[PDB]
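S.K.:
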Amino acid sequence: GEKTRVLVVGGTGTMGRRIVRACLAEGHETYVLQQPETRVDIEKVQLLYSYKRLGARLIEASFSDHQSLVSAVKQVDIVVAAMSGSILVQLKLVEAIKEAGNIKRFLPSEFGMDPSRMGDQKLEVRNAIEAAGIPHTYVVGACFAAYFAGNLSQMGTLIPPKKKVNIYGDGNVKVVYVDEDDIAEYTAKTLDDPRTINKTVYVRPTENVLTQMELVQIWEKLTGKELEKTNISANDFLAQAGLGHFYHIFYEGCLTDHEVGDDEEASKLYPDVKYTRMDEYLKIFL
Amino acid sequence: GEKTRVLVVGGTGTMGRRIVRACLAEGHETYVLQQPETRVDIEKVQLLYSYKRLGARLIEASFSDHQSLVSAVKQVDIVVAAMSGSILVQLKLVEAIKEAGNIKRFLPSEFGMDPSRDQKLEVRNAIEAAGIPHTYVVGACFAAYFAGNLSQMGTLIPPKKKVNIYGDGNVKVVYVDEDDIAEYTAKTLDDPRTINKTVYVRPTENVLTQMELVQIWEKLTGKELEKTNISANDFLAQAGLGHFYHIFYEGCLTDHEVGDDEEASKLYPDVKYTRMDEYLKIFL
Ligand SMILES: NC(=O)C1=CN([C@@H]2O[C@H](COP(=O)(O)OP(=O)(O)OC[C@H]3O[C@@H](n4cnc5c(N)ncnc54)[C@H](OP(=O)(O)O)[C@@H]3O)[C@@H](O)[C@H]2O)C=CC1
Ligand SMILES: NC(=O)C1=CN([C@@H]2O[C@H](COP(=O)(O)OP(=O)(O)OC[C@H]3O[C@@H](n4cnc5c(N)ncnc54)[C@H](OP(=O)(O)O)[C@@H]3O)[C@@H](O)[C@H]2O)C=CC1
Ligand SMILES: COc1cc([C@H]2OC[C@H]3[C@@H]2CO[C@@H]3c2ccc(O)c(OC)c2)ccc1O
Ligand SMILES: COc1cc([C@H]2OC[C@H]3[C@@H]2CO[C@@H]3c2ccc(O)c(OC)c2)ccc1O
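If you're matching them up, the sequences are chains A and B in order. When we follow our numbering, the leftmost residue of the first sequence carries the number 1383, and every step to the right adds one. When we follow our numbering, the leftmost residue of the second sequence carries the number 5, and every step to the right adds one.
(1) Quick one: Cα of residue 1606(A) to Cα of residue 1599(A), how far?
(2) Given a cut-off of 8 Å, decide if residue 130(B) and residue 13(B) are closer than it, judged by their beta-carbon atoms.
(3) Would you kindly work out how many angstroms separate the C-alpha atoms of residue 1455(A) and residue 1627(A), rounded to a whole number?
(4) Once DSSP output is grouped into helix, strand and coil, what is the label at residue 1652(A)?
(5) Between the stretch 1500–1515 of chain A and the stretch 1537–1550 of chain A, are three or more C-beta pairs nearer than 8 Å?
(6) Is any non-hydrogen atom of ligand 3 found closer than 7 Å to the C-beta of residue 1476(A), if you look at the structure I gave you?
(7) Return the chain-ordered list of same chain residues with a C-beta closer than 8 Å to the C-beta of residue 1581(A), the five sequence neighbours on each side being excluded.
(8) I want to check one thing, is the minimum distance from the CB of residue 82(B) to the heavy atoms of ligand 3 below 7 Å?
(9) Whose C-alpha, out of 1660(A), 1614(A), 1631(A) and 1459(A), is nearest the C-alpha of residue 1387(A)?
(10) Going by the beta-carbon positions, is the gap between residue 1476(A) and residue 1496(A) smaller than 8 Å?
(11) Does the stretch 1525–1535 of chain A touch the stretch 1648–1656 of chain A, meaning 3 or more C-beta pairs lie closer than 8 Å?
(12) When every heavy atom of ligand 2 is checked, does at least one fall within less than 7 Å of the C-beta of residue 1667(A)?
(13) Can you list, in chain order, the residues of its chain whose CB lies under 6 Å from that of residue 1473(A), leaving out five sequence neighbours each side?
(14) What do you get for residue 1588(A), buried or exposed, if any count of 16 or more other CB atoms within 10 angstroms of its CB means buried?
(15) What residues from chain B crowd round residue 1666(A), counting only those whose CB sits closer than 8 Å?
(16) Where residue 55(B) and residue 236(B) are concerned, what is the direct C-alpha to C-alpha distance, given to the nearest angstrom?
(17) Buried or exposed for residue 1446(A), please, with buried defined as at least 16 other CB atoms from any protein chain shown within 10 angstroms of its CB.
(18) How big is the Cα-Cα spacing for residue 1406(A) and residue 1490(A)?
(19) Ligand 4 heavy atoms versus the CB of residue 153(B): any closer than 7 Å?
(20) Tell me, please, which residues DSSP counts as bridged to residue 199(B).
(21) Please state whether DSSP places residue 1590(A) in a helix, a strand or coil.
(22) Closer than 8 Å, CB to CB, is residue 20(B) near chain A or not?
(23) Closest to residue 281(B) by CA distance: which of 250(B), 62(B), 179(B) and 194(B) is it?
(24) Is any beta-carbon of chain A found at less than 8 Å from that of residue 262(B)?
(25) Measure the alpha-carbon distance for residue 75(B) versus residue 15(B) and round it to whole angstroms.
(26) Any Cβ of chain B within less than 8 Å of the Cβ of residue 1528(A)?
(27) In chain B, which residues lie with their C-beta within 8 Å of the C-beta of residue 1412(A)?
(28) Tell me, to the nearest whole angstrom, how far the beta carbon of residue 83(B) is from that of residue 101(B); I am working on the premise that it is less than 8 Å.
(29) What number of angstroms, rounded off, separates the C-alpha of residue 199(B) from the C-alpha of residue 169(B)?
(30) Residues of chain B with CB under 8 Å from residue 1539(A), in chain order?
(31) Does chain B have any CB closer than 8 Å to the CB of residue 1428(A)?
(32) Residue 1542(A): buried (16+ other C-beta within 10 angstroms of its C-beta) or exposed?
(33) For a test of the three-state rule: what should DSSP assign to residue 1612(A), helix, strand or coil?
(34) Identify, in the order they occur along the chain, each residue of the same chain with its Cβ nearer than 7 Å to the Cβ of residue 187(B), setting aside the five sequence neighbours on each side.
(35) When the Cα atoms are used, what is the spatial distance from residue 1457(A) to residue 1444(A)?
(36) In its own chain, which residues sit with a C-beta less than 6 Å from the C-beta of residue 1414(A), not counting the 5 before and 5 after it?
Structural data, given as structure tokens:
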């Protein structure tokens, strides 16, 4: 009745699935976009339909069909998108929101490095949102803990090393490690918060701002074993998949080289979210 | 303490993940084989580690490393395999079980058509050559692959206006929720009555023709679907076609009756299996 109605686009994605449940947890009437099947994909289908059992609704639409996008967004108050990074497909979604005219806010697929400090398709999407006058919130500023914490920031894996661990530089650059659930919960709390309309929200829970060497030492403290570390210089690091992102995060320190005010930081805006600290996050791997 | 210890091989698969949960839900001390990551795969890793929260344990081993397989299966009493249907990777698992010597039962990756009427039969023969006690769980169509799409190909959800009927669609088929298959598997793996037996998962009310399946749906929706009957030869004129043919034209799942002592729903009458009118409700 007084629920905010939210449409989640990219609902079976890594972040999308968590945003779906977090909107439900917060009591929003939650709608998930159901795209036509491109394959026989049991996992995707069963995930989408498990949302119905939790109280969500599915709306079939296709980005190839402008009027199906328009009809979907007319049923909701707020749209959140979490596409792969696929980003530019949101342009069709923005066009639909503009025509529909009823959307109180649009959260596009961000949830990572703020692209507007990396001087790119996310900015192209931002520019379209703002040219159309669609109220927005941009959620940025955090490494997914699954991609950067559980592996102690090693590449090619998602679990803790047995023995050996590479340290980028001296491992003294501060990075922001956040459990994707908490990013999704922050997103669900912020999407109808009058304080964040037309703002960028930084997800930087204070106790989770850690250097890589700090994260490794949380883990060494849990296992009681010191890992053999070898440090990698910037030049040697600079000597395909994702190596750039890693450089900005761990050498340039792009996630922590600016300060953020409490009126734009998720953990201060939403203090009741007991976000997962990395000593608790890493326990699953013991 | 008195619990059966079970190693699930294939724990992150469609059937395997349900067997993991169904084993924990039975009270089995449950182990899951953790294979080396072949890629950055976040849904697979997180599924694996979610099992620990429910009480399961992870055992690392690799099929390339015979001794790591022997080491894994020494830690359990029973192994259940649910590999991709790869099936032959189980031959390494059989040699490992044979050398280990401690395993009371092995349930190989079956969960469908009876291959004894094939890679699966080769696994069977190696299991039996090695004298490893076994149970073969067979005889049903996964409901997600065959019921939710009304047995249409290339989709997993109901069609909106038209549907292909195979023949006249009056060949009987066995549609079963994968969770029920997993529950029957978890109940049967330490059941004395099914040692060295085939167990047929043929819940009585879910033995249905494709047309009876379609009519279940039309009745839930109140909408009649436009039907096109496809004859045997026009079908004998793409993955999975041989399977649909044996299921839907020859009735290979239902042409032989099965005794109560070997049919899952009678062995375990406490399993309130999902009937297809309830299964299809989630699509409405
Ligand atoms: N450390 C960090 O901060 C991280 C940041 N991110 C960012 O989070 C956001 C989501 O990333 P992630 O959660 O990993 O996304 P995914 O790879 O999980 O895919 C998400 C959804 O994208 C939809 N999708 C993919 N291609 C298309 C397409 N051509 N047309 C329509 N829909 C498509 C699908 O929606 P559907 O479910 O409907 O099929 C897919 O389910 C991204 O912006 C990413 O840049 C993610 C990784 C780490
Ligand atoms: N309608 C029916 O009756 C159905 C019957 N089946 C049968 O179910 C059984 C399982 O099918 P399904 O659930 O679809 O299996 P999956 O496709 O989901 O994969 C299961 C597991 O196979 C392991 N795997 C795949 N390749 C390898 C490999 N080279 N080496 C080691 N492990 C590998 C992986 O285990 P891991 O988690 O460790 O990574 C994978 O998780 C099969 O026998 C299949 O015939 C399946 C579909 C329908
Ligand atoms: C932190 O913000 C982001 C990070 C990322 C990616 O940075 C590289 C990481 C993460 C997604 O997964 C990338 C990755 C790529 C290759 C890898 O080997 C890897 O670690 C296994 C991780 C993408 C978008 C973002 O907004
Ligand atoms: C029913 O027994 C089995 C069925 C199957 C597969 O037969 C074809 C079916 C099912 C798995 O999904 C296959 C399938 C293949 C192509 C399709 O287009 C399809 O659409 C649902 C479904 C494999 C192993 C079995 O033991």
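Every residue, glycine too, gets a C-beta built ideally from N, C-alpha and C.
M.R.: In this structure, then:
(1) Counting from one through the first sequence, the residue named residue 1606(A) turns up at place 224. Counting from one through the first sequence, the residue named residue 1599(A) turns up at place 217. About 10 Å.
(2) Stepping through the second sequence from its first residue, residue 13(B) is reached at position 9. Stepping through the second sequence from its first residue, residue 130(B) is reached at position 126. Cβ atoms of residue 13(B) and residue 130(B): not closer than 8 Å.
(3) Numbered from its first residue, the first sequence carries residue 1455(A) at position 73. Numbered from its first residue, the first sequence carries residue 1627(A) at position 245. Looking at the two C-alpha atoms, the distance is approximately 33 Å.
(4) Position 270 of the first sequence, counting from 1, holds the residue named residue 1652(A). Here residue 1652(A) sits in coil by DSSP.
(5) no
(6) Residue numbering aside, residue 1476(A) sits at position 94 when the first sequence is read from its first letter. No.
(7) Here residue 1581(A) refers to the residue found at position 199 of the first sequence. Only 1519, 1520 and 1646 meet the Cβ criterion.
(8) In the second sequence, counting from the first residue as 1, residue 82(B) sits at position 78. Not so, every heavy atom of ligand 3 lies at least 7 Å from the Cβ.
(9) For the purposes of this step, residue 1387(A) is identified with residue 5 of the first sequence, where counting begins at 1. Considering only alpha carbons, the answer is 1459(A).
(10) In the first sequence, residue 1476(A) corresponds to position 94, counting from 1. In the first sequence, residue 1496(A) corresponds to position 114, counting from 1. No, they are not a contact pair.
(11) no
(12) If you number the first sequence from 1, residue 1667(A) lands on position 285. Every heavy atom of ligand 2 is 7 Å or more from the Cβ of residue 1667(A), so no.
(13) The count along the first sequence starts at 1 and reaches residue 1473(A) at position 91. Closer than 6 Å at Cβ, skipping near neighbours: 1510.
(14) For the purposes of this step, residue 1588(A) is taken as the residue at position 206 of the first sequence. With fewer than 16 other Cβ atoms within 10 Å, it is exposed.
(15) Within the first sequence, numbered from 1, the residue matching residue 1666(A) stands at position 284. The contacting residues are 53, 56 and 57.
(16) If you number the second sequence from 1, residue 55(B) lands on position 51. If you number the second sequence from 1, residue 236(B) lands on position 232. Taking the straight line from one Cα to the other gives about 45 Å.
(17) Numbered from its first residue, the first sequence carries residue 1446(A) at position 64. Result: exposed.
(18) Along the first sequence, read from residue 1 onward, the residue named residue 1406(A) stands at position 24. Along the first sequence, read from residue 1 onward, the residue named residue 1490(A) stands at position 108. Between residue 1406(A) and residue 1490(A), the C-alpha separation is close to 19 Å.
(19) As a first step, residue 153(B) must be located in the second sequence, where it is residue number 149. Yes, since a heavy atom of ligand 4 falls inside the 7 Å radius drawn around the Cβ of residue 153(B).
(20) Taking the second sequence and counting its residues from 1, the one referred to as residue 199(B) is at position 195. Residue 199(B) pairs with nothing; no bridge assigned.
(21) Here the question's residue 1590(A) lines up with position 208 in the first sequence. Helix at residue 1590(A).
(22) The count along the second sequence starts at 1 and reaches residue 20(B) at position 16. Cβ-Cβ to chain A under 8 Å: no for residue 20(B).
(23) By 1-based counting over the second sequence, the position of residue 281(B) is 277. Taking only the C-alpha atoms, the option nearest residue 281(B) is 179(B).
(24) Against the second sequence, residue 262(B) aligns to sequence position 258. Chain A contact via Cβ: absent.
(25) Here residue 75(B) refers to the residue found at position 71 when the second sequence is read from its first residue. Here residue 15(B) refers to the residue found at position 11 when the second sequence is read from its first residue. When rounded, the distance between both Cα atoms is 18 Å.
(26) Counted from its first residue, the first sequence places residue 1528(A) at position 146. Output row for residue 1528(A): interface = yes.
(27) Numbered from its first residue, the first sequence carries residue 1412(A) at position 30. None at all; the shortest Cβ gap to chain B is about 16 Å.
(28) Looking up residue 83(B) in the second sequence gives position 79. Looking up residue 101(B) in the second sequence gives position 97. Contact flag correct, Cβ pair sits at about 6 Å.
(29) Indexing the second sequence from 1 puts residue 199(B) at position 195. Indexing the second sequence from 1 puts residue 169(B) at position 165. Between residue 199(B) and residue 169(B), the C-alpha separation is close to 39 Å.
(30) Along the first sequence, read from residue 1 onward, the residue named residue 1539(A) stands at position 157. The answer, in chain order, is 41 and 44.
(31) Against the first sequence, residue 1428(A) aligns to sequence position 46. Closer than 8 Å: yes.
(32) Stepping through the first sequence from its first residue, residue 1542(A) is reached at position 160. Buried, since its Cβ has 16 or more Cβ neighbours within 10 Å.
(33) Position 230 of the first sequence, counting from 1, holds the residue named residue 1612(A). The answer is strand: DSSP assigns residue 1612(A) an E or B state.
(34) Position 183 of the second sequence, counting from 1, holds the residue named residue 187(B). Closer than 7 Å at Cβ, skipping near neighbours: 26 and 275.
(35) Start at 1 with the first residue of the first sequence, and residue 1457(A) comes out as number 75. Start at 1 with the first residue of the first sequence, and residue 1444(A) comes out as number 62. Looking at the two C-alpha atoms, the distance is approximately 16 Å.
(36) Within the first sequence, the letter at position 32 stands for residue 1414(A). Hits under 6 Å: 1390, 1393, 1402, 1433, 1438 and 1440.
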